[PDB]
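Novice: Pasting the sequence and an experimental structure:
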Amino acid sequence: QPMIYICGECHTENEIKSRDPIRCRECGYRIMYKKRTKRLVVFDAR
Amino acid sequence: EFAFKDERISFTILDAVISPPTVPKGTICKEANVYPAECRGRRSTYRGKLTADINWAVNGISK
Ligand SMILES: [Zn+2]
């Protein structure tokens, strides 16, 4: 899949490919966070 | 009031207002206002448009 990004105010999973204007494709708010996926990070309990 | 070639151009600002911060015109957006939490996270300025009514007049007649 492409990398999911999340808008700050309306929360739509927008898939920003590397060649477009960055904006949310529902409301148009410009700050867009990045979605956390499954990968293994090992933390010690100390 | 300053001097052109033997006329006399006169300006005055009648009124000046500051608009609350919106997006620039032409922006395809749903909520046109700009809030401070956008301007902190994007590192821009929270700024409002200043505009005024200048009154140009040559040789004393308000034109
Ligand atoms: Zn959005």
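Specialist: Sure, I can see it. Numbering: from 1, shown residues only, chains lettered A, B, ... in the order given.

Novice: from chain A, which residue is nearest to chain B?
Specialist: Residue nearest to chain B within chain A: residue A:28 (3.8 Å; C-beta to the nearest C-beta). (C-beta placed from N, C-alpha, C; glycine too.)

Novice: Test my guess that that residue contacts residue B:34.
Specialist: No - Residue A:28 is beyond contact range of residue B:34, at 11.9 Å (criterion: C-beta atoms under 8 Å).

Novice: how about the strands in the chain?
Specialist: In the absence of a named chain, this looks at chain A. Assigned by DSSP state E, chain A shows strands spanning A:4-7, A:13-15, A:32-34.

Novice: meant chain B actually
Specialist: If DSSP E is used as the criterion, the strands of chain B fall at B:2-3, B:8-10, B:13-18, B:50-54, B:57-58, B:61-62.

Novice: For my notes, please list those in JSON lines and give distance to residue A:8 and mean neighbour count for each entry.
Specialist: Converted to JSON lines, those look like this (distance: least, C-beta to C-beta, whole Å; neighbours: other C-beta atoms under 10 Å in any protein chain shown):
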{"stretch": "strand B:2-3", "distance to residue A:8": "50", "mean neighbour count": "8"}
{"stretch": "strand B:8-10", "distance to residue A:8": "49", "mean neighbour count": "14"}
{"stretch": "strand B:13-18", "distance to residue A:8": "26", "mean neighbour count": "9"}
{"stretch": "strand B:50-54", "distance to residue A:8": "28", "mean neighbour count": "10"}
{"stretch": "strand B:57-58", "distance to residue A:8": "49", "mean neighbour count": "13"}
{"stretch": "strand B:61-62", "distance to residue A:8": "49", "mean neighbour count": "8"}
